[PDB]
C-alpha cells in the first residue's frame, strides 16, 4: 500500500574510473537522499547501486515508481535477470554473470516491493538531474573502494 517515488543516476569519470551514485527516495513530499563515491568503478555498477540503496532503505512492502535512465539496468530487469536466476546465474556458456553481486542484491530488493519502472532520458525529470549531480559530486570525492568490481 505505502507508495514511494525513487530517482537514481550513476556517474563515472572513466570506464573504469572514479564514480558515484545518486538517489532520491520521496515519500509524501518528504525526501531522502543517498550518494557515495568510489575510487574505481563503472557507470553500470553505479547505476545499479543507486537503485539498490534507495530500495533497501525501505522498511515495509511498498509500491514504487522507479525512474532511471540506465540502458544497462533496463536490459537486466526486462530481459536478463529472468534467465539468469532460472540458471544459477549463468551466461550463454554456463559462465558467471558480470556484476552478479549487484544484480542479485538488486533482484532481492525488487522481490520486496511492487516496482513500476520509468525508463527516462534527460523523461528528463529535475530529480534525475539532481541525482546526476549527487553522483558526479561523489565521483569527484571518492571515499570507498568498489570491491565488487572485476577490473576490465
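Numbering follows the first chain given and starts at 1.
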Which fits the stretch between residue 122 and residue 123: none, 1 to 3, 4 to 9, or 10 or more deposited residues lacking coordinates? 1 to 3
Got a sec? Mean C-alpha B-factor, which is higher, 18-26 or 126-134? 126-134
Using only the Cα atoms and their B-factors as the entry lists them, report which of 39-47 and 98-106 averages higher. 98-106
Residue with maximal Cα B-factor (values as given in the PDB entry) among 56, 60, 31, 63: 31
Sort the modelled residues of this chain by their C-alpha B factor and say whether residue 115 lands in the lowest, middle or highest third. middle
